[PDB]
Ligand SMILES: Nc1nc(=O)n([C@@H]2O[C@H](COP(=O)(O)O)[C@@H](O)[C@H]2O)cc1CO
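Quick heads-up: it's one chain on its own, the form solved without the ligand, in structure tokens.
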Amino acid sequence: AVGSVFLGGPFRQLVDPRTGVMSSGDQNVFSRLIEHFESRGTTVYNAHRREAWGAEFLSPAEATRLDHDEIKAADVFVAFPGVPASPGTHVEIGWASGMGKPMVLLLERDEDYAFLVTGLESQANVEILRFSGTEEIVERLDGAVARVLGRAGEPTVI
């Protein structure tokens, strides 16, 4: 039973400047994943919900500290690197892989991602989950999380 997960992905890039929040459509995948884990007893750390989807942003300094500390606390790191790339999420991918965390990276099917992201497969404790929709993520995530977590602490190149 997975104790806790950190869920990362594009955020500021998805906030509508006119309303100051993410659209319901853009929130959907995050809320679905949050509920998915929490209903199974897994605590979820996630900036989007923490900062009310854009309405209660923290400062650069406070966001940085919290994201880093919650990634360090969480048993598993799950994140969308983003199309286009989320720069903040890529920093977090660095933090998590540098900590030797079990990681599931959620990559859009047929989209291009960076070499230092796809190259982490078999260099770190990482599973890539390519997806074409939210239901597919929900159906496959538990198996992926379980596989990486099963190898937690085992030595990697990183």
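Residue positions are given as counts along the sequence shown, with the first one as 1.
We do not show the form deposited with the ligand bound, though everything after this point is about it.
The partner is absent here, but in the deposited bound form a heavy atom of 63, alone among 99, 63, 52, 128, sits within 4.5 Å of the ligand. Contact with the ligand in the deposited bound form, judged as any non-hydrogen atom within 4.5 angstroms, is confined among 128-136, 31-39, 102-110, 44-52 to 44-52. Using a 4.5 angstroms threshold between heavy atoms, residue 12 counts as touching the ligand in the deposited bound form.
Contact annotation for residue 26: none of its heavy atoms lies within 4.5 Å of the ligand in the deposited bound form. In the deposited bound form, the ligand lies within 4.5 angstroms of at least one heavy atom of each of the following residues of 56-73: 57, 63, 67, in sequence order.
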